[PDB]
């Protein structure tokens, strides 16, 4: 009966940060995701190039991300979940990029990657923490004898969902839902609550 709820960040609790950053700054180029560029090391090399070409330092970038908001209903959902589970966020975001949004969620433990910042505050590099990081985080909780219930919205979440004791697709695209019928797929926070209740070994209230 010892359970950790692991959540993806972008698309589950907050908007896709780079697309939202692109929308705020008018830099259309930054709307690009893995659907356009598969290799995260390349995409991260590129995104950082574009930022530097626009003279956007870390402080500048954080100013923009500070104007973003959690998805409607997301904070209430996190509050509900924290009353019932230990809540850990597993994301391929970066600490320095996501900080203003994480504050609005009450800074739940976040397991993600980091940036490399020079003495002039420029984003020159990044470090991926490890391979298959969300799956490996689930393994770490299993080593502590936790049952893990995980929710994610995209293909890059399916290893986490498969490794967990129970996985839930939230707001997932139809292709993903069709490819992974083993996970319940829901698209409202209330329904997501109900899937956490179904997956739990405990008797919990909605």
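Residue numbers count along the first chain shown, from 1.
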> Which wins on mean Cα temperature factor, 147 to 155 or 50 to 58?
Replying inline: 50 to 58
> Is the mean CA B factor in the deposited entry higher across 177 to 185 or across 66 to 74?
Replying inline: 177 to 185
>> Among the choices 171, 31, 142, 165, identify the one whose CA B-factor in the record is greatest.
In response: 31
>> Per the entry's Cα B factor values, which of 112, 123, 81, 102 stands out as the maximum?
In response: 123
> Would the CA B-factor of residue 6 place it in the lowest, middle or highest third of its chain?
Replying inline: lowest
> Hey, what third does residue 118 fall into on Cα B-factor, ranked over its chain?
Replying inline: highest
